[PDB]
$ cat input25.pdb   # PDB, C-alpha atoms
MODEL        1
ATOM      1  CA  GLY A   1      -6.792   8.633 -11.866  1.00  0.00           C
ATOM      2  CA  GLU A   2      -6.665   5.015 -13.006  1.00  0.00           C
ATOM      3  CA  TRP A   3      -7.368   2.017 -10.711  1.00  0.00           C
ATOM      4  CA  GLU A   4      -6.842  -1.674 -11.066  1.00  0.00           C
ATOM      5  CA  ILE A   5      -6.860  -4.765  -8.826  1.00  0.00           C
ATOM      6  CA  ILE A   6      -3.558  -6.561  -8.346  1.00  0.00           C
ATOM      7  CA  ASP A   7      -3.089  -9.996  -6.708  1.00  0.00           C
ATOM      8  CA  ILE A   8      -1.302 -11.035  -3.545  1.00  0.00           C
ATOM      9  CA  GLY A   9       1.945 -12.446  -4.785  1.00  0.00           C
ATOM     10  CA  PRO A  10       5.352 -11.659  -3.232  1.00  0.00           C
ATOM     11  CA  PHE A  11       5.518  -8.127  -4.521  1.00  0.00           C
ATOM     12  CA  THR A  12       2.255  -7.377  -2.759  1.00  0.00           C
ATOM     13  CA  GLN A  13       3.193  -9.231   0.378  1.00  0.00           C
ATOM     14  CA  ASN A  14       6.416  -7.146   0.485  1.00  0.00           C
ATOM     15  CA  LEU A  15       4.402  -3.904   0.299  1.00  0.00           C
ATOM     16  CA  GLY A  16       2.565  -5.226   3.352  1.00  0.00           C
ATOM     17  CA  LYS A  17       5.757  -5.966   5.222  1.00  0.00           C
ATOM     18  CA  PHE A  18       7.001  -2.430   4.273  1.00  0.00           C
ATOM     19  CA  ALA A  19       3.878  -0.923   5.806  1.00  0.00           C
ATOM     20  CA  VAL A  20       4.131  -2.801   9.099  1.00  0.00           C
ATOM     21  CA  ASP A  21       7.866  -2.019   9.432  1.00  0.00           C
ATOM     22  CA  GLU A  22       7.186   1.717   8.807  1.00  0.00           C
ATOM     23  CA  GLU A  23       4.314   1.725  11.252  1.00  0.00           C
ATOM     24  CA  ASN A  24       6.435   0.044  13.971  1.00  0.00           C
ATOM     25  CA  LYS A  25       8.812   3.038  13.785  1.00  0.00           C
ATOM     26  CA  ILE A  26       6.000   5.292  14.956  1.00  0.00           C
ATOM     27  CA  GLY A  27       5.044   3.131  17.889  1.00  0.00           C
ATOM     28  CA  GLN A  28       1.468   4.448  18.253  1.00  0.00           C
ATOM     29  CA  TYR A  29       0.171   0.933  17.887  1.00  0.00           C
ATOM     30  CA  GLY A  30       1.652  -1.857  19.987  1.00  0.00           C
ATOM     31  CA  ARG A  31       4.449  -3.687  18.253  1.00  0.00           C
ATOM     32  CA  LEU A  32       3.106  -5.426  15.145  1.00  0.00           C
ATOM     33  CA  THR A  33       4.214  -8.721  13.632  1.00  0.00           C
ATOM     34  CA  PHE A  34       3.470  -8.985   9.873  1.00  0.00           C
ATOM     35  CA  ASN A  35       1.156 -11.951   9.004  1.00  0.00           C
ATOM     36  CA  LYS A  36      -0.036 -11.529   5.383  1.00  0.00           C
ATOM     37  CA  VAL A  37      -1.706  -9.341   2.818  1.00  0.00           C
ATOM     38  CA  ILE A  38      -5.198 -10.465   1.618  1.00  0.00           C
ATOM     39  CA  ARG A  39      -7.416  -9.626  -1.322  1.00  0.00           C
ATOM     40  CA  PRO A  40      -8.428  -7.262  -2.612  1.00  0.00           C
ATOM     41  CA  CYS A  41      -5.378  -4.968  -3.182  1.00  0.00           C
ATOM     42  CA  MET A  42      -5.975  -1.798  -5.233  1.00  0.00           C
ATOM     43  CA  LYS A  43      -3.320   0.007  -7.255  1.00  0.00           C
ATOM     44  CA  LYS A  44      -3.875   3.611  -8.473  1.00  0.00           C
ATOM     45  CA  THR A  45      -1.687   5.146 -11.174  1.00  0.00           C
ATOM     46  CA  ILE A  46      -1.253   8.890 -10.744  1.00  0.00           C
ATOM     47  CA  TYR A  47      -0.482  10.910 -13.873  1.00  0.00           C
ATOM     48  CA  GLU A  48       1.315  14.294 -14.182  1.00  0.00           C
ATOM     49  CA  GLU A  49      -1.149  17.197 -14.441  1.00  0.00           C
ATOM     50  CA  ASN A  50       0.202  18.285 -17.787  1.00  0.00           C
ATOM     51  CA  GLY A  51       1.444  15.968 -20.416  1.00  0.00           C
ATOM     52  CA  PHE A  52       0.020  12.966 -21.998  1.00  0.00           C
ATOM     53  CA  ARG A  53       0.207   9.721 -19.973  1.00  0.00           C
ATOM     54  CA  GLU A  54       3.284  10.734 -17.990  1.00  0.00           C
ATOM     55  CA  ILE A  55       3.247   8.646 -14.798  1.00  0.00           C
ATOM     56  CA  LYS A  56       4.017  10.518 -11.595  1.00  0.00           C
ATOM     57  CA  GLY A  57       3.667   7.561  -9.200  1.00  0.00           C
ATOM     58  CA  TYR A  58       1.395   4.890  -7.740  1.00  0.00           C
ATOM     59  CA  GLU A  59      -0.545   4.392  -4.545  1.00  0.00           C
ATOM     60  CA  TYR A  60      -1.458   0.987  -3.205  1.00  0.00           C
ATOM     61  CA  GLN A  61      -4.364   0.270  -0.808  1.00  0.00           C
ATOM     62  CA  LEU A  62      -3.823  -2.780   1.190  1.00  0.00           C
ATOM     63  CA  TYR A  63      -5.634  -5.020   3.713  1.00  0.00           C
ATOM     64  CA  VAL A  64      -2.927  -6.322   6.049  1.00  0.00           C
ATOM     65  CA  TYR A  65      -3.025  -8.793   8.945  1.00  0.00           C
ATOM     66  CA  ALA A  66      -0.443  -8.013  11.571  1.00  0.00           C
ATOM     67  CA  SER A  67      -0.448  -9.501  15.119  1.00  0.00           C
ATOM     68  CA  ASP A  68      -3.638 -11.209  14.068  1.00  0.00           C
ATOM     69  CA  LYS A  69      -5.739  -8.078  13.500  1.00  0.00           C
ATOM     70  CA  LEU A  70      -6.701  -6.520  10.182  1.00  0.00           C
ATOM     71  CA  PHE A  71      -5.549  -3.070   9.116  1.00  0.00           C
ATOM     72  CA  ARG A  72      -5.830  -0.899   6.037  1.00  0.00           C
ATOM     73  CA  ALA A  73      -2.522   0.658   4.861  1.00  0.00           C
ATOM     74  CA  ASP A  74      -2.011   3.109   1.915  1.00  0.00           C
ATOM     75  CA  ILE A  75       1.473   3.235   0.358  1.00  0.00           C
ATOM     76  CA  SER A  76       2.902   5.659  -2.234  1.00  0.00           C
ATOM     77  CA  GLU A  77       5.679   4.690  -4.659  1.00  0.00           C
ATOM     78  CA  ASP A  78       7.416   7.363  -6.771  1.00  0.00           C
ATOM     79  CA  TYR A  79       7.640   6.373 -10.481  1.00  0.00           C
ATOM     80  CA  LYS A  80      11.140   7.693 -11.212  1.00  0.00           C
ATOM     81  CA  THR A  81      13.109   6.282  -8.279  1.00  0.00           C
ATOM     82  CA  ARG A  82      10.588   3.776  -6.887  1.00  0.00           C
ATOM     83  CA  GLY A  83      10.947   5.064  -3.354  1.00  0.00           C
ATOM     84  CA  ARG A  84       8.079   4.163  -0.993  1.00  0.00           C
ATOM     85  CA  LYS A  85       6.251   6.000   1.775  1.00  0.00           C
ATOM     86  CA  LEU A  86       3.538   4.860   4.204  1.00  0.00           C
ATOM     87  CA  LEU A  87       0.643   7.393   3.827  1.00  0.00           C
ATOM     88  CA  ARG A  88      -1.801   5.939   6.395  1.00  0.00           C
ATOM     89  CA  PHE A  89      -2.328   2.941   8.542  1.00  0.00           C
ATOM     90  CA  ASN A  90      -5.705   2.441  10.302  1.00  0.00           C
ATOM     91  CA  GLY A  91      -7.712  -0.186  12.044  1.00  0.00           C
ATOM     92  CA  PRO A  92      -8.542  -2.716  13.012  1.00  0.00           C
ATOM     93  CA  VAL A  93     -11.089  -2.770  10.213  1.00  0.00           C
ATOM     94  CA  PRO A  94     -13.818  -5.280   9.206  1.00  0.00           C
ATOM     95  CA  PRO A  95     -12.787  -7.938   6.669  1.00  0.00           C
ATOM     96  CA  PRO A  96     -13.726  -7.142   3.157  1.00  0.00           C
TER      97      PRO A  96
ENDMDL
END

$ encode --input "input25.pdb" --output "structure tokens"
Amino acid sequence: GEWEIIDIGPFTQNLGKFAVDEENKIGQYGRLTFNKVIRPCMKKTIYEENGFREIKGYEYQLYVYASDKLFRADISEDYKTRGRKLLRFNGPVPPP
């Protein structure tokens, strides 16, 4: 697909908060308090198989501090309705 780096403004911090809220519903990790998203944040644009430059959706790979520990979260966002889903949430991981 196509990859780019995006910064850590409010849109990106809100993806982080989305990921921690979603993960807290599962309850496999102890309760997590969102702290902040840090660099780098990667954004992948996924295109329809057929067609020319038709966007299907995006995926965002984040480094997120929650309860003072660092995790990696992947989030999908559908292009048509902009609905979001947490794909994975792992860690703690080493700082980048």

$ residues_around --input "input25.pdb" --residues "residue A:36" --least-positions-apart "6" --cutoff "10 Å" --atoms "only C-alpha atoms" --output "PyMOL selection string"
chain A and resi 8+12-14+16-17+63-68+70

$ closest_residue --input "input25.pdb" --among "A:76, A:90, A:28, A:81" --to "residue A:43" --atoms "only C-alpha atoms"
A:76

$ closest_residue --input "input25.pdb" --among "A:48, A:24, A:61, A:91" --to "residue A:79" --atoms "all atoms listed in the file"
A:48

$ atom_distance --input "input25.pdb" --atom1 "atom CA of residue A:72" --atom2 "atom CA of residue A:47"
23.8 Å

$ closest_residue --input "input25.pdb" --among "A:15, A:93, A:62, A:75" --to "residue A:40" --atoms "all atoms listed in the file"
A:62

$ residues_around --input "input25.pdb" --residues "residue A:21" --least-positions-apart "4" --cutoff "10 Å" --atoms "only C-alpha atoms" --output "VMD selection string"
chain A and resid 15 to 17 25 to 26 31 to 34 86

$ atom_distance --input "input25.pdb" --atom1 "atom CA of residue A:73" --atom2 "atom CA of residue A:52"
29.7 Å

$ atom_distance --input "input25.pdb" --atom1 "atom CA of residue A:19" --atom2 "atom CA of residue A:54"
26.5 Å

$ resolve_selection --input "input25.pdb" --expression "the PyMOL selection byres ((chain A and resi 82) around 12)" --output "MDAnalysis selection string"
chainID A and resid 55:59 75:81 83:85

$ residues_around --input "input25.pdb" --residues "residue A:1" --least-positions-apart "4" --cutoff "8 Å" --atoms "only C-alpha atoms" --output "VMD selection string"
chain A and resid 44 to 47

$ write_last_selection --input "input25.pdb" --atoms "C-alpha atoms" --output "PDB file, in the frame of the given file"
ATOM      1  CA  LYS A  44      -3.875   3.611  -8.473  1.00  0.00           C
ATOM      2  CA  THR A  45      -1.687   5.146 -11.174  1.00  0.00           C
ATOM      3  CA  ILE A  46      -1.253   8.890 -10.744  1.00  0.00           C
ATOM      4  CA  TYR A  47      -0.482  10.910 -13.873  1.00  0.00           C
TER       5      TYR A  47
END

$ closest_residue --input "input25.pdb" --among "A:42, A:7, A:74, A:53" --to "residue A:20" --atoms "all atoms listed in the file"
A:74

$ residues_near_point --input "input25.pdb" --point "(0.3, 2.9, 9.1)" --cutoff "6 Å" --atoms "only C-alpha atoms" --output "MDAnalysis selection string"
chainID A and resid 23 73 88:89

$ write_last_selection --input "input25.pdb" --atoms "C-alpha atoms" --output "PDB file, keeping the file's coordinate frame"
ATOM      1  CA  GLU A  23       4.314   1.725  11.252  1.00  0.00           C
ATOM      2  CA  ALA A  73      -2.522   0.658   4.861  1.00  0.00           C
ATOM      3  CA  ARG A  88      -1.801   5.939   6.395  1.00  0.00           C
ATOM      4  CA  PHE A  89      -2.328   2.941   8.542  1.00  0.00           C
TER       5      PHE A  89
END

$ closest_residue --input "input25.pdb" --among "A:94, A:10, A:87, A:4" --to "residue A:37" --atoms "all atoms listed in the file"
A:10
